[PDB]
């Protein structure tokens, strides 16, 4: 059915162009690709016989133009967006392309990949169908090209990387053909030149003494499908547009009369071209169609998967709909149960409860020195004293567990918020639902935070209101000894003998055995004795000083005996050779410590259970048993499960693609 292969395929160009697609479908079609210095406009316009492309600076074609040249005996054209209204004046066609391009382009001159299908019936053409793309500019001596150059390139690339795309490469004769944008492109994407047809324009513009024959005789960059030459002499006017008859006559003439192309005149020109493009297109289609119908199936059995995942994602078709909300909610709930009870939320909570909180408490503890200071101070406060020093200091220490206990509530409100936020990622599928849900649960948590903190405070107060001393882990509740001469080998040293008198209370010493001058008097309280003539020394245990600033008194005497008897005398005075508070404060310290151990153990046990009960569990039950209800009563079960514009659009695209693929596959059957 050769004759119908071009009309067939360009019935697929409609079906897909109707949804804004064409390139990405790998249609057997021809892509016009050239620099602006070629005038692909003139070639197309020469096919049709009537000027009809947009005129202005920069690119003539700003959106792909699926030009469907169809032969007939009547001359007229119709669009795809304006199907029904048949065009008869071509300047209208031009202005209509301009219009329909300015519509989508949103700029006086900015491009777009979204094709326009323009079907033209005339007796001036064969059944031929081309996709006109934007032109390019040859980059001048070095120099970086303009963004738009790169955009254009990327587009022509979008089209001609498809293996089914025949690249009609249009270069100018009057420019170094080595450096020729169209051919460079064609080469990069089809390095063995098997789907490129070169067209060489302006052959009558080369310098005197230079022809492009080594290129057309297919010998420079030879292509499989060859080169064709064309010149553009729109010779007459049927009033303003092309007298294609005289112009094609002129072309013929140029090729017959030019000695370098003479011998090729038959294989050159617009007509011949039309004939060639026609042949090669029809064969290309015949050869590629079987693959295409298969591409189109792998694509339609991919769109059925996602269409099936979506059409089932939302059941707004049966009286279901709400069933969807219900399952979303059940998902959230399960996420949450699993998370907070098993690196993650429940584990972090375990570490808060049983590793940190204990430490937060410990750092609120009275260290030995400040605890003894506190107790002593509490005794100075109460001119029974034991009992109330105990109460005082316990209540002191206990007041300080409120911070670490409030604190803990926070570290948990924190991980709980963190978890609601993770769980609620699995609702991005639904923006309003995710929003309102995360909101509500975050709220419930902040109320529970209030009530939970209150209770924790209260527990410490309760602990303060009564010292339970019955708790079973509360494990508590002047005649003279001797006189003698004696020498000081330490005094002065900057060391005379003195006359010593040891009573039972004081060792005092004089200048002479007469006893008129008392040089010093020392209390034997707290004195002890060490060894160091034969020499011993007295020192004071409570502190550091005994005799003025002398840490120890150095006493020396000639005989070992003298010493021994003196020592024996100091012993009788209570000075051996090596206060109520001190003891009381210790006692109370032990009591306090014990009762505190009991309190700590308790608080460490009870704050976690309080937080579980009033916050965690509370929140859980809320999610499992109240939440959905609240979302119902106070919910637009329609409005909540609304489509993020994202998926709404993506899935309009999905659907459109679905229908377009259906149409295509049935068209090919």
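Positions refer to the first chain, counted from 1.
Coordinates are lacking for 10 or more deposited residues between residue 477 and residue 478. The deposited sequence places 4 to 9 unmodelled residues between residue 532 and residue 533. For the pair 133-141 and 330-338, the record assigns the higher mean C-alpha temperature factor to 133-141. Comparing 44-52 with 615-623, the higher mean C-alpha B-factor in the PDB entry belongs to 44-52. In the deposited coordinates, the residue among 307, 563, 189, 120 with the greatest CA B-factor is 307. Residue set 634, 628, 69, 66: peak C-alpha B-factor at 634 (per PDB entry). The deposited CA B-factor of residue 60 belongs to the middle third of values across its chain. Split the chain's modelled residues into thirds by C-alpha temperature factor. Residue 641 is in the highest one. Among the modelled residues of its chain, residue 15 has a C-alpha B-factor that falls in the middle third according to the deposited record.
Among the modelled residues of its chain, residue 255 has a C-alpha B-factor that falls in the middle third, as given in the PDB entry. Residue-level temperature factors show residue 147 in the highest third of its chain, judged at the C-alpha atom.
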